[PDB]
Amino acid sequence: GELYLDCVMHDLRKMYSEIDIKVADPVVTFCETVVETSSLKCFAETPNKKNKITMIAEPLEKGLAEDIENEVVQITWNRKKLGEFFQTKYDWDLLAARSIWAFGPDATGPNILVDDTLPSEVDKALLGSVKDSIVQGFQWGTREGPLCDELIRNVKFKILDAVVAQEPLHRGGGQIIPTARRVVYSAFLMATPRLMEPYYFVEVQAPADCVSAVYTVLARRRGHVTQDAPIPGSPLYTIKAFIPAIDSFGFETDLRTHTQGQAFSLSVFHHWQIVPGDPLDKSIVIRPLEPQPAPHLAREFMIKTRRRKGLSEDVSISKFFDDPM
Amino acid sequence: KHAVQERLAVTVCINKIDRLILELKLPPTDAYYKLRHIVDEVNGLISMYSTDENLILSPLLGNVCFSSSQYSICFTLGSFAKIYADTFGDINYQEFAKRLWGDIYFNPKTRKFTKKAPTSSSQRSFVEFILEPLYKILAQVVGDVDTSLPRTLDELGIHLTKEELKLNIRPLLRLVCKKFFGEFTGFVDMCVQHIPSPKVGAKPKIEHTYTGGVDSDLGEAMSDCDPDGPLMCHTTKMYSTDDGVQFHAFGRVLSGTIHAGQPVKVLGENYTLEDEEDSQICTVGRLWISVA
Amino acid sequence: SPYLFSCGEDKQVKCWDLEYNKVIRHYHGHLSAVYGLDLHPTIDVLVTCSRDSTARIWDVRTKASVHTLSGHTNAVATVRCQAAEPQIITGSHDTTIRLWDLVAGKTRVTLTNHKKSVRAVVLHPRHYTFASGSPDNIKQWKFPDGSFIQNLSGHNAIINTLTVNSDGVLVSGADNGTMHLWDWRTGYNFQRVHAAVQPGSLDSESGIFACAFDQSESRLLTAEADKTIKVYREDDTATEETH
Amino acid sequence: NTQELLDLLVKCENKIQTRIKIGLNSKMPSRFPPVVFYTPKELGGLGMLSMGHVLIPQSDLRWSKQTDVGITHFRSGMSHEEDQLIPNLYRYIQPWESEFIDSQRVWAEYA
Amino acid sequence: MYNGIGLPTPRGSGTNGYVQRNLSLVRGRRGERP
Amino acid sequence: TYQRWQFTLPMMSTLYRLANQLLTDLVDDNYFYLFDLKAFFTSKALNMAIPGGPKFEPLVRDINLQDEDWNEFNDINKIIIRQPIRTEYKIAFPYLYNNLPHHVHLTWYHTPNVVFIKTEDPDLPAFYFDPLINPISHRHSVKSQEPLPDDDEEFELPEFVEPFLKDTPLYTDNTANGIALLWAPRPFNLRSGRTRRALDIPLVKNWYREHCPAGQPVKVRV
RNA sequence: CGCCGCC
RNA sequence: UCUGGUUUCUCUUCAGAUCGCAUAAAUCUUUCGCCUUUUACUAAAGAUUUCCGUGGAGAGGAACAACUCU
Ligand SMILES: [Mg+2]
């Protein structure tokens, strides 16, 4: 939070290295996801020109995204039993439920794989299905984000068809992992990708006399006030609300200034939500200053981290993701 | 939530009841309503993740002790019926102590702690034997420091001399209820009731913190020092020294002992997949325990 | 003490504190320019010599003149002081040395020699026997009562400085650039070194105004009129032998 | 456009305002009003061409050195706010590109 | 400073200070009172 | 010599009643967030100002310098501005919002917000300005111990079966204003102390250490 | 967000 | 049954404390700002004092000290 990073920076400056240190404007780690499924199917190439893994990526539901995010399923279980878990929970298909392998980031992050939407037998020969090259290749290729080097989350990829090398000791057996990476998020970026900002749950306690001031100072910062609760005991009482972590900067100071020190708030990480806008958009004019309250602050919010440590812009799917021959 | 996710022993010491009653100035029955509400809310909040459905908390289980750290009072009834006992009681507490919460006492027929109100305005036993006498100590010391305070000191049997009675009203309060309540007996009896006093609750602990290790590490981590086991001691924290550049790490010992400069096999977060990629084994002959 | 002292012709004597690099005492009372100063090595006073005729005992911590040593008739070019009696030695521009009582203030013994003025005295610091400097005939004395031990050879410029090392070598620095090494024991003029000027200065501007050995006494470093500090060292040979 | 010069004119005009006031041994706020200076000599008085009462502009000081930002937060220039509104000198001086566009058409019409 | 700017030396220059706000700005939403 | 004084609580509660009209109703140092002395020390050290606070002169940290490639590499019109960094944020905690701070002090953080119902009526625990969501007269959802009023009288010795007090009530005339005086300002929560000089006591001094009430002229706020 | 006051 | 002292006045060193729940003036050393030169000045930093006061300590009385803490 703010105060944690304050005490970090104080101990960094005046205790552990007494050289003067420039800081930057605070900004959040933010995340990537998809909104609906694909509108085209992917394509592959290896240096042997041997593979063709064509596939898609579709969303999940947010509750099970939290579930696999919070170790509700574990990889140590029985294959049929975790299949039964996801089967009887998400009313999933029976043949595809047991077909899974290890999950997304850290094998815990909700970017799971299902091999078997489209029919059960193609190859199964030596690799033939995703065992170590594509699993660890996805691990190596899901922590480094596709669209603006920020992680995907709550988007699952399902392989539709593929092929093995003739003898992957001789031909490509370690030369399909970067193709696997490239294919998976090629299928991601064609599917209308979106970003996710974190929200903070904020709990205010505040006297009743200055309680519309907190409505104004979080409503200005895009805050959905959920619960105003007169509490027993304290005449001051609680507000519970949601604010973006990019608009939480100087929050409790602003709140505590407008209420002349009577109100007080605390702030904690809630689950991620969708920024108003699309990263893929072009013909979209971003003034350098003047923050957007607009429905297109997401394009700003991603180009201004590609303008950072970043990459080059213009992420339309022609060059590194696809091949219009 | 993070504690029962680690299934630790969730006991509770709710605090600032002086701030409940010197400051919000609640009548005793409504103070009981607030405390019953807050214990019911933490009970219904613990029973949101019901792997331990039997485990609830109440004062009668010796599971919650009230307090005021401003004036240093321990409270709870298993320790308070001791102060009923050592002066003028001969009560034989912990059956009397587990009887005063949520049931109504009445003065004739000398005791039947009913489920009903004998008189149409009958305060409970918690707001006739324990809470409202605390009100009378507290209100008579911060309202009547000149009159009626030697009467309540003569009744409570606390002599207190001319120098220490000339204090300001807040330190005088802290001293008078410190000499009344004595020592923190409620906080240690709340820990006889729970907090499983290790090698007894060590099984979910060593299960959750270690990765398995049955027949190699599990049975010896369940054991104590008795110096035949491994060393195998955890370390989560790293305090600074006064000069700052020296760090002193800090953690719990589970089965073993360190004396005088033992070579120390320092594991790491990903140094040991099955074996140490690095240790940099250390020789440390100073280590000592911490207070504030 | 952790502070240095300074004095110059602005009539000012200052106590530069070294922990802050700033003036803290700023002594006052000299009626003309201020030439030399020296610290008593044991107690905390400060003896200063001027152009008017006098020398003063400033009390450090009080910045109060304990004594004005009024016994000369012209400028007082230099002053050294020590722990053993006699305490203070003032060599002046009226051709005389005199040796003072630090307590009573009166002079113990004046030393009339030196047809031309004395401008440098130095003490040894192992045994007794200080030595004085003048254009005629650099001499050498002996501390209780003053006693003419010896005069030294013909270093015949108007000399400015004397410095002595703990192993008996002694450097006399003069106003025409020439500086003569000696020994304490005999009086044998040893080296007779005359240095050059650094490019801008004209030929007749070499002259030595200060010389001081190191605490190691391996380095002899002289402040000269050529706006230059010259730093000297030994030489590790054997065959420059005595005649 | 030169903001650093508009700070200088406010700084220098007030300094000769003050230099005349210390010649009277005055320096006082209302013992020497700005009627005295800005009244033309034909009535009497000193008669001086103001550029200080101008409301010198500002911008965001963080982002000032970075980028042409625009304009915010007019800073008050000379210390006179009672609604006298002494005229600038700049509005009686015909600007340059207007003067050259007059020059082109006037010599064209004259030929 | 409400937010950002002013003058660190009010006694250097021949002014009193008091930055206003630029009342001639053009945008969509600014206010706090109505 | 008139050096020391000890009063009694009626004698001081009447003085505390008489000494209004120049005594502040602030119960805690929570009105003074970013009007504290340490917030002002930080504002002095950082050349900036809280609105309505003092404006000092800069100190030895006058002019900074960064060459063009370096501050151009760190800071372009690249960063995600959402809402501006006000100076109250920098004075609040001057380390992550402010590069190179020194000679700087670090302010207090949220004293625990005393509520303290004030009184106008007898019967001390009047229980007002306070909701209560706990359902009265009908509740059980947890198991209680001793759910069996069965054991008759054996161990409640009637010599001291009684509570710790019944000889005096839980309230009287001078326990309302006593606990009102418990939360008093600085001279009036004492009951005892020393004697101050008559010029030592600042009267109009909690007054300026506040905000200015709005609707006041420019002369009185400067 | 409001310098200034002279022997 | 015996033990048995608060005020008030003068001296006697120690002060490490918001010695003071507030807060003066000076000197020095630098940077400011007005400035023509010098004192009157400006308003920041550093280090020093003076001054208006206080705290604990030895002694001498006198003040009901014989009321009585003990
Ligand atoms: Mg003259």
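Criteria and cut-off values
Residues numbered from 1 in each chain as written, not as in the entry; some residues may be left out. Chains lettered and ligands numbered in written order. Part of a larger assembly, values for the part shown. Heavy atoms only, no water. Contact = heavy atoms within 4.5 Å. Salt bridge = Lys/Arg side-chain N within 4 Å of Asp/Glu carboxyl O. Polar contact = N/O pair within 3.5 Å; in protein donor to acceptor, adjacent residues only side chain to side chain. Helix = DSSP H or I, 4+ residues; strand = E, 2+ residues; numbered from the N terminus. Nonpolar A, V, L, I, M, F, W, Y, C, P; charged D, E, K, R; others polar. Buried area = accessible area lost by both parts, 1.4 Å probe. Axes fitted to C-alpha atoms, helices over the stretch in contact; angles between N-to-C directions. Left-handed = near helix turned anticlockwise from the far one by under 90°. Buried < 20%, exposed > 50% of the residue type's maximum accessible area, 1.4 Å probe, protein only. Arc of directions from axis to C-beta. Pairing = 2+ DSSP bridges. Patch = residues over 30% accessible without salt bridge, like charges linked within 9 Å, V, L, I, M, F, W, Y side chains within 5 Å. Areas by Shrake-Rupley, 256 points an atom, 1.4 Å probe, with all protein chains shown as cover. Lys, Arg positive; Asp, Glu negative; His and termini not counted. Charge placed at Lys NZ, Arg CZ, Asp CG, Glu CD. Near = heavy atom within 4 Å.

The record lists cryo-EM as the method behind this PDB entry and 3.4 Å as its resolution.

Enquirer: Explanation requested: the interface of chain F and chain B in the structure shown.
Expert: Many descriptions give the size of an interface as the accessible area lost when the pieces come together. Contacts between the two partners involve 52 residues from chain F, matched on the other side by 57 residues from chain B. At the boundary of chain F with chain B, the tally comes to three salt bridges. The salt bridge involving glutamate 153 of chain F is made with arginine 111 of chain B; its shortest N-O contact spans 2.9 Å. Counting every contact that joins chain F to chain B gives 18 residue pairs in polar contact. Elements with a minimum of two residues in the side of chain F that touches chain B: α1 (9-18) and α5 (176-182) of chain F. No other element matches α5 of chain F, which puts three residues into the side of chain F that touches chain B. Of the residues assigned to the side of chain F that touches chain B, the class counts are 27 nonpolar, 12 polar and 13 charged.

Enquirer: Please explain unusual backbone geometry as it appears in this structure.
Expert: Apart from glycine, the bulk of residues carry a negative phi angle, and the bulk of peptide bonds sit in the trans form. Backbone torsion omega between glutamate 85 of chain C and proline 86 of chain C reads -5°, so that peptide bond is classified as cis. For the bond running from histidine 124 of chain C to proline 125 of chain C, omega is -5°, close enough to zero to count as cis. Summarising the element assignment, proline 125 of chain C is placed in the loop between β12 (120-122) and β13 (131-133). For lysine 27 of chain D, which is not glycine, the phi torsion reads 50° and is therefore positive. With respect to the helices and strands, the residue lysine 27 of chain D is situated in the loop between α1 (3-23) and α2 (61-64). Positive phi, close to 60°, is recorded for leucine 85 of chain D, a residue that is not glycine. When you line up the elements, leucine 85 of chain D lands in the loop between α2 and α3 (96-110).

Enquirer: Got a minute to help me understand the interface of chain D and chain F in this structure?
Expert: Across the contact, five residues belong to chain D and five residues belong to chain F. In total, chain D and chain F occlude about 440 Å² of area from one another, counting both sides; carbon and sulfur atoms represent 42% of this. Three residues stand out in chain D for area buried against chain F, namely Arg62, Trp63 and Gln66 of chain D, and they jointly supply 76% of the buried area on that side. Scanning the region where chain D abuts chain F turns up one salt bridge. Where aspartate 75 of chain F meets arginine 62 of chain D, a salt bridge forms, and the shortest distance between an N and an O atom there is 3.1 Å.

Enquirer: Before we go on, may I ask you to explain the packing of helix α5 (residues 133-142) of chain A against helix α6 (residues 177-189) of chain A in this structure?
Expert: Two packed helices can be described by the angle between their axes and the distance between those axes. Residues and elements named next belong to chain A. Closest axis-to-axis distance for the α5/α6 pair is 8 Å, and the angle between their directions is 65°. The chirality of how α5 crosses α6 is right-handed. Where α5 abuts α6, its residues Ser133, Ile134, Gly137, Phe138, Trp140 and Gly141 lie against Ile177, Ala180, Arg181, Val184 and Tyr185. Its residues assigned to classes, the contact of α5 with α6 comprises seven nonpolar, three polar and one charged.

Enquirer: Please clarify how helix α2 (residues 62-69) of chain A should be interpreted in this entry.
Expert: Since the α-helix advances by 3.6 residues per turn, residues separated by three or four positions end up pointing in the same direction. All names here are of chain A. Taken together, the buried positions of α2 are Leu64, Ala65, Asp67 and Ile68. All buried residues of α2 fall inside an arc of 155° around its axis, so they share one side. Looking at the packing, one finds that the buried side of α2 touches α3 (79-89). Capping the start of α2, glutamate 61 holds a side-chain oxygen 2.8 Å from the backbone nitrogen of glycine 63, two or three residues further along. Just past α2, the residue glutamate 71 takes up positive phi, approximately 50°.

Enquirer: Looking at this structure, how should I read α1 of chain F?
Expert: All of the buried residues along α1 of chain F are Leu9, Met12 and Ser13 of chain F. Around the axis of α1 of chain F, the buried residues are gathered within 105° of arc, so they sit on the same side. Packing partners of the buried residues in α1 of chain F comprise α5 (126-143) and α8 (169-181) of chain B together with β1 (4-6) and α5 of chain F.

Enquirer: How do you make sense of the sheet that holds strand β20 (residues 208-213) of chain C when you look at a structure like this?
Expert: Adjacent strands of a sheet form backbone hydrogen bonds with each other and so pair up, either parallel or antiparallel. All names here are of chain C. One open sheet accounts for three strands, arranged β20-β21-β22; its pairing is antiparallel. Each of the sheet's edge strands pairs with one partner strand only, and the pair in question is β20 and β22 (228-232). When the angles between neighbouring strand axes are averaged without regard to direction, this sheet yields 20°. The pairing of strand β21 (residues 220-224) with β22 spans five bridges and is classified as antiparallel. Bridge pairing in β22 links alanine 223 to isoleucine 229.

Enquirer: Teacher, can you tell me more about a negative patch on the surface here?
Expert: Residues and elements named next belong to chain C. There is a patch of like negative charges on the surface, built from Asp167, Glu234, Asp235, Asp236, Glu240 and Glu241. On the secondary structure map, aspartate 235 appears in the segment after β22. A residue is classified by how much of its surface remains accessible, and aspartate 235, at 59% relative accessible area, is exposed.

Enquirer: Whenever I open this one, the sheet that holds strand β14 (residues 139-140) of chain C confuses me. Can you help?
Expert: Residue and element names in this part refer to chain C. Across the sheet, four strands lie side by side as β12-β13-β14-β15; this open sheet has antiparallel pairing. Strand pairing shows two members of the sheet lacking a second neighbour, β12 and β15 (150-151), which therefore form its edges. Strand direction decides the pairing type here: β12 and β13, joined by three bridges, are antiparallel. By the bridge assignment, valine 122 is partnered in β13 with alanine 131.

Enquirer: How should I be thinking about the protein's contact with RNA strand H in this particular structure?
Expert: Taken together, 20 residues lie around RNA strand H, and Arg19 of chain D together with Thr1, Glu57, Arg194 and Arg196 of chain F are the ones closest in. Backbone atoms, meaning sugar plus phosphate, form 69% of the atoms of RNA strand H positioned within 4 Å of the protein. Between RNA strand H and the protein, one listed contact pairs a phosphate oxygen with a side-chain N or O atom of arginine 19 of chain D at 2.6 Å. Looking at side-chain class alone, the surface near RNA strand H contains six nonpolar, one polar and 13 charged residues.

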